[PDB]
Every structure is written in C-alpha cells, then in structure tokens.
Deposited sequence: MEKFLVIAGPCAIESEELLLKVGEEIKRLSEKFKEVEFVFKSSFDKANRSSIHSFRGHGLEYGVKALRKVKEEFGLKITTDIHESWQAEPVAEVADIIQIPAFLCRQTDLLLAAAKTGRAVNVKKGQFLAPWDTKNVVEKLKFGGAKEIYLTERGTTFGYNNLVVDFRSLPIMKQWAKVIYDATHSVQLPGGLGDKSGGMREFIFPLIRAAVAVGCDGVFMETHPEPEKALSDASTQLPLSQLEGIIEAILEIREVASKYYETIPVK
C-alpha cells in the first residue's frame, strides 16, 4: 500500500510560506512516486498555552491559502478543525480533515467531520490508551467516514513530557490506518527535543505504520509555532529517503492484523 507522508508548516503564517513549502513537497512527490504526499498546515492554533501566542489569520484566509497550494501544485490537503461548524467550509478544500489530540473524544466534532465525505485523521489524545481508539473509529464509521486514520503523537508521561509507546501501532492497526507524528511526539508540553525526531521516526517505520506526519518549515527558529520541533525543510528529503529504505527492509516482517 502506498506510504503516506503528511507534511507542511505547523501554522499558516502566510500564503507565501505555504507556497514555498508546497513547492518543495511537490518536487519530492515527483521523486518519491511510491509515496502519497498530503500538504498540511493549520489555519488556527486553537489550543496554544498562552493567550499571547500566534494563532493564525482566520479560517477564510487559511482555506484560501490551502486552495492555492492545491491549485498550484496539485497536492492533496489536510488541516484541523476545532468546532463542528468548521467541518463544512474546510471540507471544500481538505482531502483529509484532522481532529486535534485534545478533541479526539468530542463526538459532535468527529460526526461533523465524518458527514463531509472526506477522509478523517484523529490525533490520539495524550490521555488515551491505544485500545480505546476502537470507539473513536466506531464513532466515525457511525458518522459516515469511509477512510479513517489514527495518529500516534505520544502519551502523557509525568509532567511536561511525552513518551511514545510503540505497542500502539500494531494495536491501533486493528481498526484503522496508522500514522506516526514524528514532530509532536518529542515535544515537551508547557515546558521539545529535535535530536530525537529522526531516531523515533526510524522506530515507527521499523515497527510498521501506514504513514508519517512531519511539520516542516524553511527556518524553524523563526516559526510562529513549534519553533523547537519543526523540521528544517532542507532535511525533509533525506529523512523521507531513510524512511522508505527502513520500511522496505523491515516490511517482510510486518505482522498481519
């Protein structure tokens, strides 16, 4: 099955930033033809820790910018919603509607996403056990979703720290396609360690998943969000090549569900 690579800048800082990243993602999609690329960027960071942190330029601006990316590069699009009313307008451009980790149990949000007919990707809450994602998928199927993904992004481990329990990959695979979030899984909540992004992503593909999620920015140090975890854009190609190589050699050993 075609491996999925979901990547893009954390927040839609500007349509210009999006087009710059989209250009590189498009180039990579032409090289790695065995990969299905999906361009990601949030029109709103609705859960920042501080009221003073950057959120975005609004849903309208964001959807317009994402539509530009899709129009100019022919790339699939994904973005997250925060309240039910956003599902409809976002579905006009998003191929995959993303459900934030803190909101993975909000029934109406999941239902709003599911009735759009678009694929839905739920980030597993830091509080949720792997086996409890079964009910999340059930809610989506109930709501009409036919293409469902579950994303591993770490679990609360003491205060201001997340651990990745890789046993979650084969467990969640029982009911949905599984994505590994390589950048948020190493973040330190309300404190991330970029030095662990690559080794953990190698672990994810060796264990076996259906795709990886990576936030990338031309200059992470200047990012308006997740400046400590976003991967420099120039490093994306090398990481993807490594992903595919490890996936290939490990693939014959992936257990059947």
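According to the record, no C-alpha positions are given for deposited positions 1, 193-198, 265-267, numbered from 1.
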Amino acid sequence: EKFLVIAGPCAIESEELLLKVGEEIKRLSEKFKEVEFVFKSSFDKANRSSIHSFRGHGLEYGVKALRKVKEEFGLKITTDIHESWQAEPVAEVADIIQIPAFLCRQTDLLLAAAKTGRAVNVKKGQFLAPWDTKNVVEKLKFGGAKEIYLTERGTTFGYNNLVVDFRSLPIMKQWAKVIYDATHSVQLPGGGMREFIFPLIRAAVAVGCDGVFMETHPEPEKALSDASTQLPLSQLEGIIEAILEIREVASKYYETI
From here on, numbers count along this sequence of modelled residues.
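Annotation: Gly58 does not belong to the positions left without coordinates in a third of the other compared entries; each one with flanking residues models it. Among other compared entries that model residues flanking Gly190, a third or more give it no coordinates. Of the two segments examined, 241-249 and 9-17, it is 9-17 that shows the higher average Cα temperature factor in the deposited entry.
With 69-77 and 133-141 compared on mean CA B-factor from the PDB entry, the stretch scoring higher is 69-77.
Out of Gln98, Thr107, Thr156, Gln187, the entry records its largest CA B-factor for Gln187. Across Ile197, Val38, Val205, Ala227, the greatest Cα temperature factor reported in the deposited entry is at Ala227. In the PDB entry, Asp44 places in the middle third of its chain by CA B-factor. In the deposited entry, the Cα temperature factor of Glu83 sits in the middle third of values across the chain's modelled residues.
Compared with the other modelled residues of the chain, the Cα B-factor recorded for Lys115 ranks in the middle third. Annotation for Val178: CA B-factor lies in the lowest third of the chain's modelled residues. Sort the modelled residues of the chain by CA B factor and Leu169 lands in the lowest third.
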